[PDB]
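Data first, discussion second: the structure below is written as structure tokens.
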Amino acid sequence: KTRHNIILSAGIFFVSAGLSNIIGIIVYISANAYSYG
Amino acid sequence: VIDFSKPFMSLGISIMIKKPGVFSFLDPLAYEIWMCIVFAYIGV
């Protein structure tokens with residue numbers, strides 16, 4: 001509970017996961033080139 | 001073989017063929033573009 005950089009690391013991990021999610025969505029849609037499930 | 005009068009009707013051969021959305025201002029860009037624009041706005 002005294003190490004505060006762990007919370008910062010968690011925030012960075014979540015933001016990076018969202019960014020990689022965006023990249024994966026774009027890659028999937030571009031490679032598909034109907035309806036989404 | 002028969003006598004025709006003058007034409008009482010004139011005709012010819014002709015061609016017969018079979019004869020905006022509310023949110024149509026979104027039509028220039030695809031739906032995926034708008035969705036990814038929203039995602040990119042959130043991420044930015």
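The numbers here are math on the coordinates, done by the rules we state, and not lab data.
Cα-based Rg (one decimal) and Dmax (whole number) for chain B, in Å?
Reported Rg and Dmax, both Å: 29.4, 88.
Return the sequence-ordered ³J(HN,Hα) values of the range B:7-14 in whole Hz as given by the Karplus equation 6.51 cos²θ - 1.76 cosθ + 1.60 applied to θ = phi - 60°, using x for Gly and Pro.
3J(HN,Hα) across the range B:7-14, in whole Hz: x, 8, 7, 10, 8, x, 8, 9.
On the Cα set of the protein assembly as shown, report Rg and Dmax in Å, please.
Rg and Dmax of the protein assembly as shown, Cα atoms, are 31.8, 116 Å.
May I ask you to evaluate 6.51 cos²θ - 1.76 cosθ + 1.60, the Karplus curve with θ = phi - 60°, for each residue of the range B:33-44 and list the ³J(HN,Hα) values in order in whole Hz, giving x for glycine and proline?
Each residue of the range B:33-44 in turn: 5, 4, 4, 6, 5, 4, 4, 5, 4, 4, x, 5 Hz.
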